[PDB]
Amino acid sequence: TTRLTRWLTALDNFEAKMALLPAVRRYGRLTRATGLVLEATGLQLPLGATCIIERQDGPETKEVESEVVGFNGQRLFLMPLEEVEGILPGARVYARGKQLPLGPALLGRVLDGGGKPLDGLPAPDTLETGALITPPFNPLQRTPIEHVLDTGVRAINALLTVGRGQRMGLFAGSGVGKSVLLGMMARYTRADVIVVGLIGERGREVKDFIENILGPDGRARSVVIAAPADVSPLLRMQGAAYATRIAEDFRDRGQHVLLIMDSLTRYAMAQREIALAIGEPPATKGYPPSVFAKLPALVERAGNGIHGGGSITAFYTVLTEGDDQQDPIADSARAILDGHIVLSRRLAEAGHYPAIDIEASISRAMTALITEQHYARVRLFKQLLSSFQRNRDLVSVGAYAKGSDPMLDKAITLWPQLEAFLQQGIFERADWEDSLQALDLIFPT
């Protein structure tokens, strides 16, 4: 009756949920649809409230999901998650904490912001749910960063070092191997669980990422929340929202998670659509003020948990589009983040992968995580690097000869090894040791 008791219990727990059911349901009325944003009246609700609009199918009464993005004190401004075609003037409206599936059940699965399966499999067995909205973890009661997080990417581990709970940026552009780099980490990063939020990414690229990048290797240790570019911006934000919530829970179980948010640009861009629809002027770049209230909020959720706890180490991709730094999101990203991995277009077009700008990149937690003997080696690596890329031309003409410049001389002697050290490959893993020991084969000891 081990199994039998499970069943009876399952049943018993439902009968107790009956007590809860609402005696009465209040309806409002949809007053106006002239545009994407709808106006309803008769029920008063908080922002973010999920509001249902009733559409008559004939004998069937279908429900159109909708959400509260604003109001005039008497009117409620709703935005739809789907098409309102077939809704009647003065249609009925009502409000339905929304529970979402959380747990080891999610591993190996592909879900949307709603929590619905995208892999063509049944909903996960939901023993536990949660709410998107969770009281923000108080950083007062969390723990500092003492531990290197092995990212399995040699250049990062050795040159830009990250550690558990650190929240890092990834700045890049189309075609520099961003998607792959993330895959490599999702596969090689040493962590208990990998959460990958894919927000605003193209539909077909989401499939490419899951089938051919993450692989079965990393697909199995990963939970993938996907809100593509076709859906409503509300659903994209939910995607990042749900992705973070999951990782948060997993953290509360003592797990160490890698949280990949692709992308923070899209999250932001999704808020902009919504903000503009409700008539919030574009104050900063033509990006409304809310966009910059949002990014901090979503990023602060990541971090290390209670001591002897578990953690969320994150990577928020920012798409730096064309030669840039004009972009405010990339700035807001820089301001709220622990440092960033910068992908070089020049390197990518040179076949140098992953194309990571050791100059542009930084990790502020690095010096705290490594030995001064190591940290010395680090600086040198960059200086040698920098020496080479500025003067790389003259060497070709045969212009340079030894004795004039100590760095460029050393650097150019080490170049094939440096170049080889920075380069990794899609299936090539570099552990913590592998990376460190690789450093010695060059300089020390």
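Numbers follow the displayed sequence, beginning with 1.
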- line: According to the PDB record, deposited residues with no modelled atoms between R204 and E205 number none
message: If you average the CA temperature factors as listed in the entry, which stretch comes out higher, 339-347 or 134-142?
response: 134-142
- prompt: Going by the B-factors listed in the PDB entry, is the mean over the C-alpha atoms higher for 317-325 or for 152-160?
  reply: 317-325
message: Per the entry's Cα B factor values, which of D217, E280, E248, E273 stands out as the maximum?
response: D217
Selection from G115, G309, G90, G169 [criterion: highest C-alpha temperature factor in the record]: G309
- request: Taking the chain's C-alpha temperature factors as the reference, tell me which third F77 falls into: lowest, middle or highest.
  value: lowest
- prompt: How does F71 rank on Cα B-factor within its chain, lowest, middle or highest third?
  reply: highest
query: Among the modelled residues of its chain, does the C-alpha B-factor of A302 lie in the lowest, middle or highest third?
result: middle
query: With respect to C-alpha B-factor, does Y400 fall in the lowest, middle or highest third of the chain as deposited?
result: highest
- request: Going by the recorded CA B-factors, say which third of the chain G97 sits in, lowest, middle or highest.
  value: highest
